[PDB]
Amino acid sequence: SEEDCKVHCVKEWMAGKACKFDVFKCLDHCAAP
Amino acid sequence: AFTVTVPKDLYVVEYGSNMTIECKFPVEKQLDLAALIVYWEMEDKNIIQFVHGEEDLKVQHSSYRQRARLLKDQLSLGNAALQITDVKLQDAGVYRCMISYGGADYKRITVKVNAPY
Ligand SMILES: *[C@@H]1O[C@H](CO)[C@@H](O)[C@H](O)[C@H]1NC(C)=O
Ligand code: NA
């Protein structure tokens, strides 16, 4: 579930690169309780 | 779980020298470029964006031009090594390496620039 949240952060970071999304904040929040 | 690890979380580097800052990720047998993303960043400056083997110089931050590269020989061994040549005082700060290879993770590395005398 945590692994999937993190993969999705990368997905959205990539999507942004096509189309200011902070991938580190996103990854942080996947680990955040 | 997919984890990125740093052999060093602090590098103290001489002004005008060359530094290689390392970020490790698990590789089973041979590296697959089609599945790999490496992103090196420093306080919102984009240094390396390696997407499935593809790098675009146009999106490297102007402060790193002709000074920063991802070392490809290390990459084969699960080592995303960022080499910066002619280290500037402005190179001091917090670097982040994000690796996506199956899973995803990132680490912070502190670089301090000294001027020995
Ligand atoms: C850094 O790299 C350059 C070649 O890219 C080399 O000539 C130089 O000696 C290196 N600098 C130091 C201070 O070792
Ligand atoms: Na020195």
# chains A, B, ... in the order shown; residues from 1 in each chain; ligands from 1
>>> closest_atom_pairs(of="chain A", to="chain B", cutoff="9 Å", atoms="only C-alpha atoms", output="CSV")
residue,atom,partner,partner_atom,distance
A:3,CA,B:103,CA,6.0
A:4,CA,B:103,CA,7.7
A:6,CA,B:104,CA,5.7
A:7,CA,B:104,CA,5.7
A:9,CA,B:104,CA,8.5
A:10,CA,B:104,CA,7.3
A:23,CA,B:98,CA,8.9
A:24,CA,B:106,CA,7.5
A:27,CA,B:105,CA,7.1
>>> write_last_selection(atoms="C-alpha atoms", output="CSV table (one decimal), in the first residue's frame")
chain,number,residue,atom,x,y,z
A,3,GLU,CA,4.8,1.0,-2.2
A,4,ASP,CA,1.8,1.8,-4.4
A,6,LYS,CA,5.1,6.1,-3.9
A,7,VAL,CA,4.9,4.6,-7.5
A,9,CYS,CA,3.9,10.0,-6.8
A,10,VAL,CA,6.3,9.2,-9.6
A,23,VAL,CA,7.3,14.6,-5.7
A,24,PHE,CA,9.4,14.7,-2.4
A,27,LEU,CA,6.7,10.6,-1.3
>>> residues_near_ligand(ligand="ligand 1", cutoff="7 Å", atoms="only C-alpha atoms and all ligand atoms", output="list in words")
residues 16, 17, 18, 85 and 86 of chain B
>>> closest_atom_pairs(of="chain B", to="ligand 2", cutoff="7 Å", atoms="only C-alpha atoms and all ligand atoms", output="CSV")
residue,atom,partner,partner_atom_place_in_ligand_line,distance
B:13,CA,ligand 2,1 (Na),6.7
B:14,CA,ligand 2,1 (Na),4.7
B:116,CA,ligand 2,1 (Na),6.0
>>> write_last_selection(atoms="N, CA, C and O atoms", output="PDB file, in the first residue's frame")
ATOM      1  N   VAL B  13      33.636  19.032   0.578  1.00  0.00           N
ATOM      2  CA  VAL B  13      34.330  19.046  -0.740  1.00  0.00           C
ATOM      3  C   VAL B  13      35.058  20.385  -0.915  1.00  0.00           C
ATOM      4  O   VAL B  13      34.516  21.436  -0.501  1.00  0.00           O
ATOM      5  N   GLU B  14      36.233  20.346  -1.521  1.00  0.00           N
ATOM      6  CA  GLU B  14      37.051  21.572  -1.697  1.00  0.00           C
ATOM      7  C   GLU B  14      36.515  22.367  -2.889  1.00  0.00           C
ATOM      8  O   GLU B  14      36.246  21.780  -3.969  1.00  0.00           O
ATOM      9  N   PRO B 116      40.208  25.227   1.772  1.00  0.00           N
ATOM     10  CA  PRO B 116      41.323  24.936   2.659  1.00  0.00           C
ATOM     11  C   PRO B 116      42.493  25.917   2.489  1.00  0.00           C
ATOM     12  O   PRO B 116      42.768  26.399   1.408  1.00  0.00           O
TER      13      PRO B 116
END
>>> residues_around(residues="residue 89 (chain B)", least_positions_apart="6", cutoff="9 Å", atoms="only C-alpha atoms", output="list in words")
residues 15, 16, 112, 113, 114 and 115 of chain B
>>> residues_around(residues="residue 78 (chain B)", least_positions_apart="3", cutoff="8 Å", atoms="only C-alpha atoms", output="MDAnalysis selection string")
chainID B and resid 24:27 31 74:75
>>> decode(residues="region 5-30 of chain A", atoms="N, CA and C atoms", output="compact mmCIF listing (two decimals), in the first residue's frame")
# COMPACT_ATOMS: atom_id res chain seq x y z
N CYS A 5 1.48 3.97 -3.21
CA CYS A 5 1.39 5.44 -3.01
C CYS A 5 2.62 6.11 -3.65
N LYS A 6 3.80 5.51 -3.47
CA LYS A 6 5.09 6.09 -3.91
C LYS A 6 5.20 6.00 -5.44
N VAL A 7 4.93 4.83 -6.02
CA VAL A 7 4.85 4.62 -7.50
C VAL A 7 3.95 5.71 -8.10
N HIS A 8 2.82 5.99 -7.45
CA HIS A 8 1.81 6.96 -7.95
C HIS A 8 2.36 8.39 -7.92
N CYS A 9 3.13 8.75 -6.88
CA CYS A 9 3.85 10.04 -6.79
C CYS A 9 4.68 10.21 -8.07
N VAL A 10 5.41 9.17 -8.46
CA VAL A 10 6.32 9.20 -9.64
C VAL A 10 5.46 9.36 -10.90
N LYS A 11 4.35 8.61 -10.98
CA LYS A 11 3.34 8.70 -12.05
C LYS A 11 2.93 10.16 -12.23
N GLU A 12 2.52 10.82 -11.15
CA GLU A 12 2.00 12.21 -11.17
C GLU A 12 3.15 13.18 -11.48
N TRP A 13 4.36 12.89 -11.01
CA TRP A 13 5.55 13.75 -11.28
C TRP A 13 5.82 13.74 -12.80
N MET A 14 5.77 12.55 -13.41
CA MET A 14 5.90 12.34 -14.88
C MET A 14 4.79 13.08 -15.62
N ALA A 15 3.53 12.89 -15.22
CA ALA A 15 2.35 13.56 -15.83
C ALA A 15 2.58 15.07 -15.88
N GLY A 16 3.06 15.66 -14.78
CA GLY A 16 3.40 17.10 -14.69
C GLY A 16 4.38 17.51 -15.77
N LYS A 17 5.41 16.67 -16.01
CA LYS A 17 6.52 16.92 -16.96
C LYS A 17 5.96 17.05 -18.39
N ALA A 18 4.93 16.28 -18.74
CA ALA A 18 4.16 16.44 -20.00
C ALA A 18 3.43 17.79 -20.02
N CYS A 19 2.61 18.09 -18.99
CA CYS A 19 1.67 19.24 -18.93
C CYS A 19 2.42 20.54 -18.63
N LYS A 20 3.25 23.26 -10.19
CA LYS A 20 4.56 22.69 -9.77
C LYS A 20 4.31 21.61 -8.71
N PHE A 21 4.20 20.36 -9.15
CA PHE A 21 4.00 19.15 -8.31
C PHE A 21 5.29 18.81 -7.55
N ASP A 22 5.26 18.73 -6.22
CA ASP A 22 6.46 18.39 -5.40
C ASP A 22 6.44 16.88 -5.09
N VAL A 23 7.21 16.11 -5.84
CA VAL A 23 7.29 14.62 -5.72
C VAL A 23 7.87 14.23 -4.35
N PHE A 24 8.73 15.04 -3.74
CA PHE A 24 9.38 14.72 -2.44
C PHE A 24 8.33 14.84 -1.32
N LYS A 25 7.57 15.93 -1.30
CA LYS A 25 6.38 16.10 -0.43
C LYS A 25 5.44 14.90 -0.62
N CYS A 26 5.13 14.54 -1.87
CA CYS A 26 4.24 13.41 -2.20
C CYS A 26 4.82 12.12 -1.60
N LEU A 27 6.09 11.82 -1.84
CA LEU A 27 6.73 10.59 -1.30
C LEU A 27 6.73 10.64 0.23
N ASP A 28 7.08 11.78 0.82
CA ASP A 28 7.08 12.00 2.29
C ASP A 28 5.72 11.56 2.86
N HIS A 29 4.63 11.97 2.23
CA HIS A 29 3.24 11.81 2.75
C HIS A 29 2.82 10.34 2.67
N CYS A 30 3.34 9.60 1.70
CA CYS A 30 3.14 8.13 1.58
C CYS A 30 3.72 7.44 2.82
